[PDB]
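Note that the numbering runs from 1 along the sequence shown for the chain. Basis for what follows: all heavy atoms, side chains included, without hydrogens, waters or symmetry-related copies.
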Amino acid sequence: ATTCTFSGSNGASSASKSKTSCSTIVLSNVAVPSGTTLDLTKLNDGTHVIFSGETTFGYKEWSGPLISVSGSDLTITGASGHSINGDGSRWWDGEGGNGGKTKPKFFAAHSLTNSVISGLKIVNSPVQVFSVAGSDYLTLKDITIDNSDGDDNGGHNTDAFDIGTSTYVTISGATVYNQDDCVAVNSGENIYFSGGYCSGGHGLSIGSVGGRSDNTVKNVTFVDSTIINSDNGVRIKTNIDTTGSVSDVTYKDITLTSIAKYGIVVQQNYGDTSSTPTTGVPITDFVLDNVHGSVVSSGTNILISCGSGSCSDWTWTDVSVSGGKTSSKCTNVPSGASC
Ligand SMILES: *[C@@H]1O[C@H](CO)[C@@H](O[C@@H]2O[C@H](CO)[C@@H](O[C@H]3O[C@H](CO)[C@@H](O)[C@H](O)[C@@H]3O)[C@H](O)[C@H]2NC(C)=O)[C@H](O)[C@H]1NC(C)=O
Ligand SMILES: *[C@H]1O[C@H](CO)[C@@H](O)[C@H](O)[C@@H]1O
Ligand SMILES: *[C@H]1O[C@H](CO)[C@@H](O)[C@H](O)[C@@H]1O
Ligand SMILES: *[C@H]1O[C@H](CO)[C@@H](O)[C@H](O)[C@@H]1O
Ligand SMILES: *[C@H]1O[C@H](CO)[C@@H](O)[C@H](O)[C@@H]1O
Ligand SMILES: *[C@H]1O[C@H](CO)[C@@H](O)[C@H](O)[C@@H]1O
Ligand SMILES: *[C@H]1O[C@H](CO)[C@@H](O)[C@H](O)[C@@H]1O
Ligand SMILES: *[C@H]1O[C@H](CO)[C@@H](O)[C@H](O)[C@@H]1O
Ligand SMILES: *[C@H]1O[C@H](CO)[C@@H](O)[C@H](O)[C@@H]1O
Ligand SMILES: *[C@H]1O[C@H](CO)[C@@H](O)[C@H](O)[C@@H]1O
Ligand SMILES: *[C@H]1O[C@H](CO)[C@@H](O)[C@H](O)[C@@H]1O
């Protein structure tokens, strides 16, 4: 049972070169050369990866990812005291991924099967953090993402978890301070998020759905989590004039604290909210159970922008959201739900 340690400025290199010879690879204070990826791709089945000390990256305008892992039956963890520091303020310019500097994505969790990622502390990502894709039976456990420095420092589009084309993804105990979605499920099945703390971002959202390879969202559960000081709490966004499916989505035991814009928001006209919502991405079997909290006074409690017939079978129990205005602009609200 081999064990390998890579450190410093040439660690990334050695790591990529010897990873298939190491049952356990320990990354200690590795400084990743600018414009390169920590390539942890295609590890041997069962590999263990330990992040130790402080991981850093050289500065350069590129698209990332800074880190990339793939493989089977993998275990990847963060040692006590470790941190993985993006020092994103080198790139933050207020324009995020839609302009200005090209900023690199942080973590490509692609093509992972039966694997666990836990205890990772990520600090100041340049732009989105976790990109989850084409993965099955993936656990993201006790992850901390602190981009709080970006609040008044031009951080934009710092999504914590972007999910697509994946099944059986479980996210538990995440702590997130950012400036965009805490979670965004673009597609996938059998997804479960529990015990999270989402601060400063744009909420726990399904979507945006439609206009991609995979436009199906099914069996998603958010439970026992807090959304605090964010623009939105509960959000389902489907792209206008697209096709797809959203069904079997549950939000349960959700706490909303000081939500700035929308406590609960469902828009089937996402991408152009000045237009009537379209009907190609129906939302059925939407369940809210014990969602409660506060919206600021200049905010809106609940906004529901559904198309004709494209929203049905919604079960809303114990929903108690208040402090904001009540919208007069909801459309085609399913029975049993209300604004
Ligand atoms: C809707 O999605 C739910 C969450 O993904 C899903 O529950 C989860 O189901 C999986 C698989 O059945 C359970 O995991 C099992 O299989 C692996 C493989 O050996 C074992 O390691 C596990 O111990 C377990 O036996 C999860 O435990 C389970 N998660 C929850 C929170 O209970 C539902 O089955 C999906 N429901 C529908 C109707 O599709
Ligand atoms: C690689 O080297 C480091 C330095 O001791 C260890 O922590 C690790 O377990 C492996 O031996
Ligand atoms: C970082 O730590 C490792 C431990 O094996 C060394 O191999 C390397 O030279 C650097 O000191
Ligand atoms: C190792 O070398 C790299 C690049 O030469 C530095 O960025 C790092 O701080 C360490 O000196
Ligand atoms: C990075 O450094 C290592 C040293 O082991 C090389 O093998 C690799 O090809 C790259 O130059
Ligand atoms: C990466 O690490 C290996 C040994 O761990 C070295 O051989 C190489 O030169 C680079 O520092
Ligand atoms: C990581 O880097 C090594 C050499 O630095 C390659 O051998 C490997 O395929 C991957 O690019
Ligand atoms: C990659 O790292 C391993 C560590 O044992 C070396 O054996 C190899 O030569 C390469 O530098
Ligand atoms: C642990 O696993 C590594 C590869 O994952 C082997 O190189 C080692 O011999 C042991 O089986
Ligand atoms: C390498 O070392 C880690 C932790 O020491 C083990 O979990 C792994 O199985 C391999 O022995
Ligand atoms: C990223 O920027 C560094 C400067 O520190 C270069 O060394 C590297 O080649 C890349 O352009």
Aromatic ring proximity, centroids under 6.0 angstrom, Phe57 and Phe106: yes

Rounded distance (nearest 0.5 Å) linking atom CG of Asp162 with atom CG of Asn157: 9.5 Å

Single-linkage hydrophobic cluster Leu256~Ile304, side-chain heavy atoms < 4.5 angstrom: yes

Side chain to side chain, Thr37 and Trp62, heavy atoms closer than 4.5 Å: yes

Donor + acceptor pair across side chains of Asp142, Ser118 (<3.5 Å): no

Within 6.0 Å of NZ in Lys19, more than 12 heavy atoms from elsewhere: yes

Between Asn10 and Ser13, a side-chain donor and acceptor under 3.5 Å: no

Any donor-acceptor N or O pair under 3.5 Å, side chains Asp285, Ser247: no

Polar side chain donor-acceptor pair, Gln268 to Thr238, under 3.5 angstrom: no

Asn190 and its side-chain hydrogen bond (donor to acceptor under 3.5 Å, both in side chains) partner, picked from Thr167, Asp248, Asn219: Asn219

Distance-only donor-acceptor check, side chains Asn124 and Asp149, under 3.5 Å: yes

Candidates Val69, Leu74, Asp136 - the one meeting side chain to side chain contact (heavy atoms under 4.5 Å, CB included) with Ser115: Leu74

Nonpolar side-chain network containing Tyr177, other nodes, edges under 4.5 Å: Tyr197, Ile228

Check: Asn29 side chain, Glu54 main-chain N or O, donor-acceptor pair, under 3.5 Å: yes

Side chains of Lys121 and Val123 in contact at under 4.5 Å (non-hydrogen atoms): yes

Flag, side chain of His48 to backbone of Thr77, donor-acceptor distance under 3.5 Å: no

Distance-only polar pair, side chains of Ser205 and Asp181, donor-acceptor under 3.5 Å: yes

Modelled atom types, side-chain donor and acceptor of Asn290 and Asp253, under 3.5 Å: yes

More than 12 heavy atoms from other groups under 6.0 Å of NZ on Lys325: yes

Side-chain donor or acceptor of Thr36 paired with backbone N/O of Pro33 under 3.5 Å: yes

Connected via hydrophobic side-chain network under 4.5 Å: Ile76 and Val26: no

Geometric class of the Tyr251/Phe286 ring pair [parallel <30°, tilted 30-60°, perpendicular >60°]: perpendicular

Side chain to side chain contact (heavy atoms under 4.5 Å, CB included) partner of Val287, the single match among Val249, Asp313, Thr315: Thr315

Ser274-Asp272 side chain donor-acceptor pair, cut-off 3.5 Å: yes

Remaining members of the apolar cluster that contains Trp92, side-chain heavy atoms under 4.5 Å: none

Neighbour count >12 (heavy atoms, 6.0 Å) for atom NZ, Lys103: yes

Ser131 and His110: side chain donor to acceptor below 3.5 Å: yes

Atom pair CD1/OG of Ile259 and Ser294 - distance to nearest 0.5 Å: 7.5 Å

Donor-acceptor contact below 3.5 Å, side chain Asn332 vs main chain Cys306: yes

